[PDB]
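Listed here are the chains, written in short residue letters.
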Amino acid sequence: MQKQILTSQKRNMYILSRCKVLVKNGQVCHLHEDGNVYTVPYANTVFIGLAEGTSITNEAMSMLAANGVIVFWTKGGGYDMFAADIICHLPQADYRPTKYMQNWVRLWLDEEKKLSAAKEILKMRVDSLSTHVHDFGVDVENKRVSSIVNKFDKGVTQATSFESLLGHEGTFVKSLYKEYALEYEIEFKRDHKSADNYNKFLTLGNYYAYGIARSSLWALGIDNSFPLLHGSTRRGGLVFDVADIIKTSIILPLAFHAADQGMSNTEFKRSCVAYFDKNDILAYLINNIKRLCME
Amino acid sequence: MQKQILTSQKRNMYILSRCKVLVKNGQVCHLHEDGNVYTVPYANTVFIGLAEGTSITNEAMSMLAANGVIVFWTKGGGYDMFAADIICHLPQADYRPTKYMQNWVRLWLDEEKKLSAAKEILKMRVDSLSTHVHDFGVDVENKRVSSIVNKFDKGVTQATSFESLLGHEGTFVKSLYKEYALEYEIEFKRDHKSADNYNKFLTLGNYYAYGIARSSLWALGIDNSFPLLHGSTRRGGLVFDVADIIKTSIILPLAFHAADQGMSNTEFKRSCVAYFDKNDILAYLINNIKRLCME
Amino acid sequence: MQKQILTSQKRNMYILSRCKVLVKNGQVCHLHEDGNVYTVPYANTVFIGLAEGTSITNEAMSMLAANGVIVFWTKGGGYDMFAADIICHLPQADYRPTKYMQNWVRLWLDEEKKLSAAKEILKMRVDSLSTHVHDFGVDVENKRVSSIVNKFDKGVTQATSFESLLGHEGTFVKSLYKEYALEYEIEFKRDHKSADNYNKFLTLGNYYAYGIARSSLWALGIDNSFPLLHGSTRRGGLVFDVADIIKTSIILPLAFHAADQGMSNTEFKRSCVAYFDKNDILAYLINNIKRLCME
Amino acid sequence: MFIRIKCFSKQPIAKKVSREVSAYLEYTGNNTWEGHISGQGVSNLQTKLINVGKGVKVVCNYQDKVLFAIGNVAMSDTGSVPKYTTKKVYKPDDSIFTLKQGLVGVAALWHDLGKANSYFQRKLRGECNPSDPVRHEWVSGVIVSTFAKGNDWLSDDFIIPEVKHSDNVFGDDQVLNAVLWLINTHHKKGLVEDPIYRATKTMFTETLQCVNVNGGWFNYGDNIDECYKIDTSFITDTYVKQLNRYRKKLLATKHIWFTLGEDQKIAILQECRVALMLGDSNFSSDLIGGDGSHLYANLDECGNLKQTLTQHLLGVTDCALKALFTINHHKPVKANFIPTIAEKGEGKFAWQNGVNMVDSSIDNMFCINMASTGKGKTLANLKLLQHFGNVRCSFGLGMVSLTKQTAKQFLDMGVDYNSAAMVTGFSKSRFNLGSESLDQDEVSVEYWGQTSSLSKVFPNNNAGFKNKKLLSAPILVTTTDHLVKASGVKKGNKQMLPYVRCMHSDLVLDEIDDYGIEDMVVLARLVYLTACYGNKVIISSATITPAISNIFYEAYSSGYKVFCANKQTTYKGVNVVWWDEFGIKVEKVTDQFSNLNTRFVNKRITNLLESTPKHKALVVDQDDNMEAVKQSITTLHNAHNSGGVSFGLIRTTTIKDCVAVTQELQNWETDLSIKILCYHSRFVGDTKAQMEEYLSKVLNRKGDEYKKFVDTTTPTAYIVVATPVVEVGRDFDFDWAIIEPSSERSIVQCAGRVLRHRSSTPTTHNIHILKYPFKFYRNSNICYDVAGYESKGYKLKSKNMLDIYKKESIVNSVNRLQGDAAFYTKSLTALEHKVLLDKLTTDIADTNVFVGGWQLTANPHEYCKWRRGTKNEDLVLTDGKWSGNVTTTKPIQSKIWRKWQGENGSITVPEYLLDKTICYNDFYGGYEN
DNA sequence: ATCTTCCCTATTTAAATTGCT
DNA sequence: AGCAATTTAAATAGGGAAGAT
Ligand SMILES: [Mn+2]
Ligand SMILES: [Mn+2]
């Protein structure tokens with residue numbers, strides 16, 4: 001494996017569905033019931049999600065974890081309404097760098113430093129918006145998005161608690177959900193259990209940003225049991241805290257565009273790889289979480 | 001095959017080998033090598049392990065995680081785990097780090113509890129030596145070994161700094177190395193690069209010790225970035241610090257016996273996991289970490 | 001062959017260099033002087049070209065002609081200023097549509113009608129500029145380009161003789177070539193016997209526009225032997241009017257961009273395919289001669 | 001258009017497809033081509049890649065979606081191009097496939113035991129009547145029933161016992177009864193004449209016990225004793241071991257048979273019967289040559305003795321087993337990814353982006369497309385089919401010309417003949433004249449296409465042109481009668497081809513309201529059968545009645561229950577997609593369909609009502625409808641005209657009514673310049689077709705091209721007197737219409753023939769409804785039964801349309817969309833809705849839609865007849881000379897605007913009017929004079 | 001069970017030669 | 001000179017069995 005592609009420099013990501021994942025001739029490959037064995041670039045894979053009807057052997061996990069691939073399952077607590085337990089195995093056989101845990105927990109225990117870090121990660125939402133622009137959807141520089149970003153920053157500046165924070169999240173996300181919906185001419189209510197494409201593509205992008213966020217966390221050694229946002233509806237830990245940096249900048253525009261431009265699940269999945277490697281979002285989140293812990 | 005490991009008091013770390021785990025008639029079972037299905041009771045197990053030759057499916061994964069049975073992927077033997085998720089307080093109701101984890105963090109932070117816990121980990125390492133008495137190895141009650149034990153006890157009790165504890169730990173470890181070299185009629189000097197039987201057998205036994213200490217640290221949710229003796233820049237130093245407890249008590253006599261009789265590596269693996277299963281070495285490490293972190 | 005792809009929707013486009021063009025096992029291909037046999041898609045080829053060291057056979061030429069692929073030979077220029085003579089095999093075995101040739105003849109024989117067609121075709125290059133705007137190079141709607149095409153349109157409106165058209169043709173070519181030179185910050189002189197990349201990329205685009213123009217003329221049955229613009233300098237046939245309608249709109253900015261970015265000739269071949277395919281320049285030329293013929 | 005073609009092929013079928021795919025694309029190496037080409041280039045590449053032979057393994061990708069997949073190449077489920085491809089994948093408790101295998105194998109080794117009687121031997125040799133007294137399927141059933149009553153029929157030695165004449169062979173054992181029904185109905189289903197049995201029998205065996213020998217098998221019955229004296233020469237090696245292995249297969253799997261539901265048993269036994277006729281006809285079609293003598297089954301074309309009964313039974317068994325395997329394990333060939341569909345709809349097609357609100361991964365879908373006409377309904381149906389992936393559908397439409405219109409839309413938008421197959425099974429002689437080269441129309445019958453793998457299990461490699469177009473079509477744009485035979489037939493093997501067609505393909509039925517009530521019943525039977533195999537039903541009807549939409553949903557729900565419990569999956573419900581031009585709504589509906597459907601209907605009504613009223617109808621007060629037609633023509637010309645020129649449509653009910661209105665209007669003295677056309681259906685091939693093309697080109701009002709097909713310079717009243725042939729499938733736009741009332745859906749449809757293309761609102765009134773139908777003067781007891789849902793069981797208390805309709809009313813689909821069961825005896829709309837819920841009900845009855853227990857019998861194909869019409873004999877005009885009692889006559893030549901002459905063709909005359917001369921005429925076709 | 005190595009197993013591609021036009 | 005028929009042979013794919021963890 002020589003040096004092994006840095007995990008920020010891995011570009012392939014997969015969520016396999018209705019297959020038996022195994023190893024043939026040393027190959028991570030998923031076999032469907034039609035007799036088709038598709039290989040996976042395991043030394044270049046960021047994550048492999050496993051949907052319903054999936055199965056994986058031991059050796060496939062053995063040479064995915066040796067190559068640093070995070071494997072999660074989309075069922076269990078994967079109904080995304082409670083978002084309690086998306087079953088997500090990490091490769092902890094590799095002994096990770098430690099200093100990001102140290103600076104992360106120094107700021108975690110200190111509640112005032114946790115509050116300030118939460119504000120930085122809430123500002124990372126609008127930072128993501130500005131950095132990652134899309135040319136097939138909402139312009140970030142129009143009056144509504146600039147007004148709501150200004151309102152979000154002036155609310156999160158004067159914030160006092162995590163209950164006040166939970167509320168600012170409600171506003172940003174819900175109103176960005178809505179602002180897209182009115183510009184995409186669709187009455188839209190976010191529902192993880194909804195059948196319309198505007199929600200199934202959104203849940204697929206939720207799993208994709210879950211994988212990117214969890215790979216960015218594990219890269220630095222950061223776990224999930226140390227979240228910055230505490231609330232009643234914020235069950236799920238730090239992986240959703242990192243992942244909702246890039247809902248409204250990446251996952252939500254791609255999902256809305258996909259649904260509006262009638263993409264299929266496969267091409268939305270691919271549009272997600274194209275945006276996650278063209279702008280290098282994994283290295284973005286990894287470097288930005290280094291900025292978050294730092295001292 | 002089916003293997004039971006007691007870990008804390010009542011929950012059992014099940015290890016499954018050469019079997020296909022799925023859902024039959026609404027509950028999790030597994031077809032084994034002999035073509036006979038075996039079910040699993042949800043009440044008596046929390047950790048379930050997937051050894052070599054083992055595949056699990058998606059709805060089995062989901063129903064296992066919905067019953068509080070949290071799954072990990074391991075190399076065959078049950079003490080070489082490479083893939084898992086993080087223990088919470090409850091798997092479905094909430095997401096909080098375990099009390100053990102938080103206690104460890106707090107103890108590590110304040111300098112006095114970190115020094116006291118470093119002294120305590122070496123106290124229990126001397127306890128481990130006596131507790132796990134071998135047959136082929138040297139007598140722990142022998143006058144030279146007891147003199148080394150009392151020298152280590154005096155040195156740990158009278159020390160006020162970590163580098164003194166590192167020098168004393170190295171003196172104790174290599175003094176036990178010298179004692180076992182005096183037993184087995186050889187000039188033994190500990191180097192990882194040597195290709196002789198004693199050094200490489202001790203190296204792969206140390207890797208087994210790192211694996212079982214990693215399982216013990218994971219099973220209480222203790223993260224791999226808070227070492228007691230080793231430095232903050234040492235990657236996975238807590239695995240090495242916990243494995244130090246059983247490196248000179250269990251791994252060293254088994255490795256020197258293995259190099260004395262000169263048998264091959266797989267049967268040394270089966271001797272190591274037989275000693276782990278017979279005397280509940282993982283349960284000893286689990287109770288050790290509970291007594292360290294609870295204080 | 002059912003409905004052979006209408007010539008205007010034929011897409012492939014080559015100039016073959018240092019290879020003998022033959023037929024293997026059914027398909028037309030070209031074999032270079034190292035053993036490499038690359039197939040030609042003759043059913044979708046617009047034209048092929050033959051550079052130095054090329055040699056086509058009989059049944060290959062037949063399979064190109066019966067499918068309707070116009071074939072020329074690039075070399076033959078022997079003067080100091082002019083692309084002298086390009087030898088071009090017309091597929092006349094396909095019997096052509098007739099009344100478009102009758103319309104071209106009824107405008108060619110009447111001198112005032114030829115002058116009127118000369119007028120509209122001189123402003124056709126002006127509207128070509130306006131329609132086909134590249135992303136690189138100059139912007140068409142700047143003050144200098146609009147001033148020179150306005151002076152060109154004002155002068156060609158009041159023109160009454162073909163020698164005045166030739167003079168205004170010369171000032172137009174000098175104006176564009178030099179403005180592109182200014183943009184790309186180079187000194188430019190159009191010599192077909194020059195080693196500078198802005199020149200032989202322009203001769204390669206001369207060959208490309210020649211092939212496009214004979215395919216457009218042959219698609220409506222128009223011969224090269226009816227030049228509506230004629231003179232001492234301008235003696236090439238109708239190909240030197242329907243070929244340089246699209247110099248300063250398509251080829252010359254593409255040639256300057258290819259000589260500015262400076263990779264090999266193959267990126268220029270593929271860029272000519274890409275722009276002649278994306279904007280449908282062949283169908284655009286055919287439809288323009290269509291609205292010429294019936295007016 | 002940029003495509004990429006990859007080859008999976010072995011042989012030199014990686015070589016002689018390489019010539020064609022290297023004629024159109026550049027070679028990127030490693031048997032992969034990639035390049036730019038046009039859509040017609042894609043069509044040419046398809047046509048010369050499929051025709052080059054069998055074994056072509058080609059996958060094409062346009063951008064990243066798969067364009068096409070030649071063969072049964074697995075290609076892409078998620079990623080594309082597998083690698084270590086293999087066999088052995090899932091191996092489940094398949095259960096019901098083992099059940100179908102055991103039933104088909106056990107029955108197929110027993111399906112022709114009854115040819116061993118001496119009567120069938122002298123029938124094949126030819127010294128007696130070729131029609132048996134009792135059919136050999138019933139004799140074999142008697143053999144199997146007697147063997148089951150004597151010995152244990154599942155695990156014993158066979159030995160054929162001494163059998164007698166039995167009136168019934170059906171007992172109580174559910175599995176034996178399944179085998180007996182498969183044996184007896186391997187040629188035709190039993191027919192039950194009994195009214196009490198038809199009234200009460202519902203279950204599987206409880207209906208099957210009423211299937212006696214008198215239901216078609218017992219022809220005449222004088223040589224019964226010779227028909228039941230039987231030899232036992234079948235006891236050989238391979239027959240006995242095949243019977244033993246299949247009987248034990250059934251023995252091992254019949255434990256899951258009792259865990260099935262009634263719906264399952266019916267659908268599974270229908271599949272078993274279809275596979276059994278497939279194997280039987282496949283082995284009966286080919287000539288095997290060899291024989292072991294002393295017993296025979298079939299005859300060749302020369303009448304010689306061939307196909308001895310032991311190897312005939314063995315061949316029918318293996319062919320039916322192979323039929324079952326290929327029909328139960330097929331990944332069928334789907335259509336191309338049409339690139340002109342997937343982009344956005346613009347303007348009035350902007351509602352077609354409702355497919356971006358539907359899930360692309362749903363296994364089932366029940367679309368109710370309530371969008372109005374002119375919005376591109378069929379294009380939206382194709383868009384909905386392509387939203388889930390590649391398309392495999394059967395566009396079943398009424399009329400030949402509507403299938404032609406949908407085919408022409410499919411051709412000019414994006415679909416070639418490698419994916420589309422227009423099927424009209426009559427070979428009409430309506431050709432396009434003027435210019436063959438400058439046509440750019442007249443969609444024809446070629447189907448370059450791709451032959452499916454199911455053709456090898458059909459008799460004699462399916463058939464020639466027609467059945468190859470039926471079975472192998474990815475998209476089958478067909479007349480509907482090539483699909484309604486899937487639910488079952490009286491006599492023969494005509495069920496299997498639409499059955500196997502609808503098994504692996506979706507079903508798209510457009511404007512189902514124009515069909516008859518029994519036609520809609522058998523269409524919802526087809527919907528249930530299509531949903532039985534997980535395919536998706538798209539219904540596209542704007543004027544849907546809740547009753548219809550409900551019973552079609554319930555048919556789809558019973559079918560999806562069959563499909564859900566067939567694959568041992570828990571039934572979550574049906575993905576219902578309500579759709580119109582104002583929105584879409586996708587809900588997982590397992591119950592409470594009625595409130596959601598009526599809420600969508602009310603939302604569509606409120607989205608129709610705030611728009612401007614386009615059809616204001618006034619019911620006239622003038623009793624006599626002749627002079628009511630006169631006064632209404634004068635009034636609506638004086639109110640609705642385009643500079644003195646107006647177009648009127650006199651919609652009447654029947655043909656002699658049409659010629660009565662025409663002959664009155666021609667003799668009507670007025671200052672108006674009336675120019676009269678007759679537009680009914682009784683016309684000769686030439687004349688009729690000519691009327692169609694003229695009317696379609698003069699009533700086109702999207703542009704002013706019609707000003708040149710009529711004399712619009714002089715103020716003229718262009719009047720078209722027509723029967724209900726104008727209100728179905730005609731893209732006509734009249735300035736105004738005068739309607740003889742027959743049904744309310746006729747009112748809504750003839751409102752749709754007025755201002756269909758324009759958007760200008762009428763000021764006063766554009767429809768004048770007559771006071772009475774003309775049958776009031778002929779039958780005052782019942783007058784609306786002709787072209788209406790009035791009948792002898794549903795009689796209006798009053799026939800006055802002031803009593804049964806609003807005097808001033810904005811006519812739209814709202815009255816049909818709402819649904820009212822109360823006051824059906826004195827309003828037309830509630831009369832309509834009543835009948836629709838009282839015939840298409842959620843019962844099984846015998847002529848109903850949930851039919852269970854009777855699918856086993858021939859009853860739903862006899863008492864519910866698709867296109868039930870009158871006797872209908874055809875008087876044929878041959879070169880100007882008529883055949884029967886026709887007598888050409890001369891029309892009134894007063895106001896005829898256009899009259900086309902005819903020389904060939906045929907007219908369809910009911911047997912009632914055959915008694916007298918139909919008196920064919922050049923202007924108006926058939927009448928009573 | 002999973003996966004690997006190896007032995008059939010023959011099925012499957014590539015080259016080679018050579019009259020024939 | 002391209003091709004076709006037709007041999008000849010090298011290699012590719014797969015299935016079964018046995019040995020490892
Ligand atoms: Mn028969
Ligand atoms: Mn038969």
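Residues numbered from 1 in each chain as written, not as in the entry; some residues may be left out. Chains lettered and ligands numbered in written order. Part of a larger assembly, values for the part shown. Heavy atoms only, no water. Residues with missing side-chain atoms left out of burial classes, pairs and counts.

The record lists cryo-EM as the method behind this PDB entry and 3.75 Å as its resolution.

### A word on the overall build of chain D
Along the backbone of chain D there are 27 helices and 24 strands. Based on the C-alpha atoms only, the size of chain D along its principal axes is roughly 95 × 75 × 60 Å. (Helix = DSSP H or I, 4+ residues; strand = E, 2+ residues; numbered from the N terminus.)

### Let's talk about the packing of aromatic side chains
Residues and elements named next belong to chain A. Applying the stated criterion to the full structure yields 71 aromatic pairs over all chains. Ring centres of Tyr180 and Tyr184 lie 6.1 Å apart, and the angle between their planes is 15°; this geometry places the pair in the stacked category. Each member of the pair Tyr180 and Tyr184 is classed as buried. Here a set of aromatic residues connected by ring pairs shows up, and it is made of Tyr177, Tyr180, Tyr184, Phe188, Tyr198 and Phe256. The residue whose ring lies beneath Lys200 is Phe201, and the NZ or CZ to ring-centre distance is 3.3 Å. (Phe/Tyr/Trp six-rings, centres within 6.5 Å; stacked < 30°, edge-to-face > 60°. Buried < 20%, exposed > 50% of the residue type's maximum accessible area, 1.4 Å probe, protein only. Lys NZ or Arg CZ within 6 Å of the ring centre and 35° of its normal.)

### A closer look at the UniProt feature "binding site: Mn(2+) 2" (unreviewed entry) in chain D
Residues and elements named next belong to chain D. Within the UniProt annotation, "binding site: Mn(2+) 2" (unreviewed entry) is assigned to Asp112, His136 and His186. Across 75 residues, the annotated set stays spatially compact, with a maximum C-alpha separation of 10.2 Å. By the secondary structure assignment, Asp112 is in the loop between α3 (96–108) and α4 (118–125). Apart from residues lying up to four places away in sequence, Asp112 is in contact with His136, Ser140, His186, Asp280, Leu309, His312 and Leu313. Structurally, the position occupied by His136 is in helix α5 (residues 136–150). (UniProt positions renumbered as here; feature names shortened; annotations may be inferred. Contact = heavy atoms within 4.5 Å.)

### With respect to the coordination of the manganese ion (ligand 1)
All names here are of chain D. Around the manganese ion (ligand 1), the protein supplies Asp112 (OD), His136 (NE2) and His186 (NE2) as donor atoms, at distances of 2.3 to 2.5 Å. The sequence motif formed by the donor residues of the manganese ion (ligand 1) is D-x23-H-x49-H. A spacing of 3.7 Å is found between the manganese ion (ligand 1) and the manganese ion (ligand 2), which share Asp112 as a donor. With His136 in helix α5 and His186 in the loop between α6 (174–184) and α7 (195–200), the pair connects residues that are 50 residues apart, well separated along the chain. Looking at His136, the relative accessible area reads 7%, which means it is buried. (Donors = N, O, S within 2.8 Å, 3.2 Å for Na, K, Ca; no water.)

### Topic: the side chain of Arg247(D)
Residues and elements named next belong to chain D. Note that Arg247 resides in helix α10 (residues 237–253). One buried charge, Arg247, has no salt-bridge partner; the nearest side chain with opposite charge is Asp157, at 6.3 Å. At a separation of 2.9 Å, a polar atom in the side chain of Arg247 contacts the main-chain carbonyl oxygen of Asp156. Within the structure, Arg247 has its side chain in polar contact with the side chain of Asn244 (distance 3.0 Å). (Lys, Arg positive; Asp, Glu negative; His and termini not counted. Salt bridge = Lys/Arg side-chain N within 4 Å of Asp/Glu carboxyl O. Polar contact = N/O pair within 3.5 Å; in protein donor to acceptor, adjacent residues only side chain to side chain.)

### Notes on the packing of helix α6 (residues 197–219) of chain B against helix α8 (residues 265–279) of chain B
Residue and element names in this part refer to chain B. Between α6 and α8, the least distance of the axes is 11 Å, while the angle of their chain directions is 40°. Classified by the angle between their axes, α6 and α8 sit oblique to one another. Judged by the twist between their axes, the crossing of α6 over α8 is right-handed. Contacts from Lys200, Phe201, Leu204, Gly205, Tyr208 and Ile212 of α6 reach α8 at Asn265, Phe268, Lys269, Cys272 and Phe276. (Axes fitted to C-alpha atoms, helices over the stretch in contact; angles between N-to-C directions. Parallel < 35°, antiparallel > 145°, perpendicular 65-115°, else oblique. Left-handed = near helix turned anticlockwise from the far one by under 90°.)

### Comments concerning the sheet that holds strand β11 (residues 506–510) of chain D
All names here are of chain D. Across the sheet, eight strands lie side by side as β9-β10-β8-β11-β12-β7-β13-β14; this open sheet has mixed pairing. The open sheet is flanked by β9 (420–423) and β14 (583–589), the only strands paired with a single partner. Averaged over all adjacent pairs, the angle separating strand axes in this sheet is 15°, with direction ignored. In terms of strand pairing, strand β13 (residues 574–580) meets β14 through seven bridges, oriented antiparallel. What sits directly across from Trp578, in β14, is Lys585. Along the sheet, helix α18 (residues 546–566) contacts β7 (366–369), β11, β12 (537–540), β13 and β14; its crossing angle with β13, the most-contacted strand, is approximately 150°. (Pairing = 2+ DSSP bridges.)

### Overview of the sheet that holds strand β24 (residues 906–909) of chain D
All names here are of chain D. Read across the sheet, three strands follow the order β23-β22-β24 without closing on themselves; strand pairing throughout is antiparallel. The two strands at the open ends of the sheet, each matched to only one other strand, are β23 (881–882) and β24. The sheet contact formed by strand β22 (residues 873–878) and β24 spans four bridges and is antiparallel. Bridge pairing links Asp874 to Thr908 in β24.

### Observations regarding the UniProt feature "binding site: Mn(2+) 1" (unreviewed entry) in chain D
Residues and elements named next belong to chain D. This chain's UniProt record puts "binding site: Mn(2+) 1" (unreviewed entry) on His111, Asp112, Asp280 and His312. What stands out for the annotated residues spanning 202 residues is how close their C-alpha atoms remain, the widest pair being 10.2 Å apart. For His111, the position within the fold is in the loop between α3 and α4. Filtering out sequence-adjacent residues up to four positions away, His111 remains in contact with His136, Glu137, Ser140, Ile183, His186, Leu276, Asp280, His312, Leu313 and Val316.

### What to know about the nonpolar core
Grouped together as the largest cluster of nonpolar side chains are 230 residues, with contacts concentrated most on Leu103(D), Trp110(D), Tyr239(D), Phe552(D) and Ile633(D). Membership of the second largest hydrophobic core comes to 208 residues, among which are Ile281(A), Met13(B), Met124(B) and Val355(D). (Core = buried A, V, L, I, M, F, W, Y, C linked by side-chain atoms within 4.5 Å.)

### Brief notes about the protein's contact with DNA strand F
Within the structure, DNA strand F sits among 14 residues, and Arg18(B), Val23(C), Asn25(C), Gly26(C) and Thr85(D) are positioned closest to it. Those atoms of DNA strand F that come within 4 Å of the protein belong to sugar or phosphate at a rate of 71%. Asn25(C) is positioned with one of its backbone polar atoms (N or O) 2.5 Å from a phosphate oxygen of DNA strand F. In the model, a phosphate oxygen of DNA strand F is placed 3.1 Å from a nitrogen or oxygen of the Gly26(C) main chain. The biggest single contributor to the surface near DNA strand F is strand β1 (residues 19–24) of chain C, with three residues. When grouped by side-chain class, the residues that make up the surface near DNA strand F number two nonpolar, six polar and six charged. (Near = heavy atom within 4 Å. Nonpolar A, V, L, I, M, F, W, Y, C, P; charged D, E, K, R; others polar.)

### Focus: the arrangement of the chains
Contacts are most numerous, across the three pairs of chains in contact, for chains A and B. Separated throughout, chain A and chain C approach each other most closely at a C-alpha pair spaced 16 Å apart.

### Focus: α18(D)
Look at α18(D): 29 Å from first C-alpha to last across 21 residues, which is about the 30 Å you get at 1.5 Å a residue. Within α18(D), 18 of the 21 residues are buried, which leaves it mostly tucked inside the rest of the structure. (Expected span 1.5 Å × (residues − 1).)

### Some remarks on the environment of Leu115(C)
Residues and elements named next belong to chain C. Looking at the secondary structure, you find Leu115 in helix α3 (residues 111–131). Residue classification places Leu115 among the buried residues on the basis of a relative accessible area of 16%. It is 35 Å that separates the C-alpha atoms of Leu115 and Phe136, two residues lying 21 residues apart in sequence. In this structure, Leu115 is in contact with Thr160, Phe162 and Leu165, ignoring residues within four places of it in sequence.

### Some thoughts on the coordination of the manganese ion (ligand 2)
The manganese ion (ligand 2) binds to the protein through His111(D) (NE2), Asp112(D) (OD), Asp280(D) (OD) and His312(D) (NE2), with metal-donor distances spanning 2.2 to 2.4 Å. When the donor residues of the manganese ion (ligand 2) are listed from N- to C-terminus, their spacing reads H-D-x167-D-x31-H.

### Some points on the interface of chain B and chain A
Each partner contributes residues to the interface: chain B has 47 residues there, and chain A has 47 residues. Counting only elements with at least two residues in the side of chain B that touches chain A, the list comes to β6 (55–57), α1 (58–66), β7 (70–75), β8 (80–84), α2 (99–109), α6 and α7 (237–261) of chain B. With five residues, the single largest contributor to the side of chain B that touches chain A is α2(B). Both strand β8 (residues 86–91) of chain A and β8(B) contribute to a ladder of two bridges, which runs antiparallel. Residue pairing in the sheet places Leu90(A) in a bridge with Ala84(B) of β8(B).

### Considering the pairing of β7(B)
Residue and element names in this part refer to chain B. Counting buried positions along β7 gives five out of six residues, so the element sits mostly inside the fold. Two elements, strand β5 (residues 45–50) and β7, share four bridges in a ladder whose sense is parallel. Bridging across to β7, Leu50 finds its partner in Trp73. Two strands pair when backbone bridges link them, and β7 and β8 are joined in this way by three bridges, in the antiparallel orientation. Of the residues in β8, the one forming a bridge with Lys75 is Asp80. Counted between consecutive antiparallel strands, the loop separating β7 from β8 contains four residues, among which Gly77 sits at a positive phi close to 140°.

### Description of the protein's contact with DNA strand E
Neighbouring DNA strand E are 20 residues, the closest being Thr57(A), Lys20(B), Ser55(B), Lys10(D) and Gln11(D). The protein-proximal atoms of DNA strand E, defined as those within 4 Å of the protein, are 76% sugar or phosphate. Within the side chain of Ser55(B), a nitrogen or oxygen atom sits 2.6 Å from a phosphate oxygen of DNA strand E. Looking at the surface near DNA strand E element by element, the count peaks at four residues for strand β2 (residues 20–24) of chain A. Counted by class, the surface near DNA strand E contains four nonpolar, nine polar and seven charged residues.

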